[PDB]
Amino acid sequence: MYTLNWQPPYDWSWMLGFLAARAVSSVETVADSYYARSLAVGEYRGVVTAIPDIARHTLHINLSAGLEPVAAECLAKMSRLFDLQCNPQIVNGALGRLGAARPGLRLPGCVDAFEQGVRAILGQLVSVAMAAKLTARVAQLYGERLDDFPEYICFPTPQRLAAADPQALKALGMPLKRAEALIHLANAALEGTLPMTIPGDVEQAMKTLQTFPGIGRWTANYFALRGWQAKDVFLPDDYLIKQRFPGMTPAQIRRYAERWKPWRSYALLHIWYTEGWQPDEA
């Protein structure tokens, strides 16, 4: 019903692929041609369906009756999740060769910073499939079920996770430290201490995030990349990244990435999705 446009090229096959690998059962549904999930904005709840019209390079968004009163906010959330503001020319031009194998590459955002915070923490260590399944168990235990869509469940809110029992979370298959990380993050979101929108100084912001128990450099970087969709951040600590730069230390890698500023977040995505890639031995 609602439509949002984008600037070609846009690789929808990759975006949905990325998102489908990380989909949380009962929360999200990802198909080759559309994306849909439960969505909550305040006390308004429902389901959102996004259908990409390649031909006319536009995204069709349908909203369940419950979200109509806050239609625009839902639209802004989809635009952030799908990085519709991206001008591929500027990025593909500034990255030269690195972004030529797939110039439609977009930065997968999120629909809610808190959710992404929870996802980022649970993403620690385990594989993607495990992170997803782990997140699914948290949603099934603390999420809100939609009365008009019994198959859908809303992602847990800060009010529920903040009151959660550390041992209950532990029981879902996570260390006690990670459960406490979640409970503390929820409390921050309630208090208004978790930046829900990109701050002017992403560097200071992340430094403050690292004071949170259970959140280190990796988590804060990954949270900034996906949760604030900050476009200039690298993850020299990432497992797959450390494999793309054999023999180099976090600082050497970090020093190498300076060359891609101010679009380091994009460079990161490309290097991640190019198995053959390797650095230039200066």
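What we label the rigid core is the largest C-alpha set whose atoms superpose within 1.5 Å from one form to the other. Throughout, we count residues from 1 along the sequence that is shown.
A fit on the rigid core, followed by a root mean square over CA positions in 8 other deposited structures of this protein, ranks 247 to 255 against 223 to 231 and picks 247 to 255 as the more shifted one.
After a core fit, the C-alpha atoms in 8 other deposited structures of this protein lie farther on average from the shown form in one of 13 to 21 and 269 to 277, namely 269 to 277. As the entry records it, the average C-alpha temperature factor is higher for 99 to 107, out of 194 to 202 and 99 to 107. In this entry, the higher average B-factor at the C-alpha atoms falls on 90 to 98, of the pair 207 to 215 and 90 to 98. Reading the B-factor column for the CA atoms of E68, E28, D32, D232 in the entry, the top value corresponds to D32. Highest C-alpha temperature factor among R45, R37, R254, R226 per the entry: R254.
Among the modelled residues of its chain, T49 has a C-alpha B-factor that falls in the middle third, as given in the PDB entry. Per-chain ranking of the deposited C-alpha B factor places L63 in the lowest third.
Among all modelled residues in this chain, the alpha-carbon of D83 has a temperature factor (C-alpha) in the middle third. When all modelled residues of the chain are sorted by CA temperature factor, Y142 is found within the middle third.
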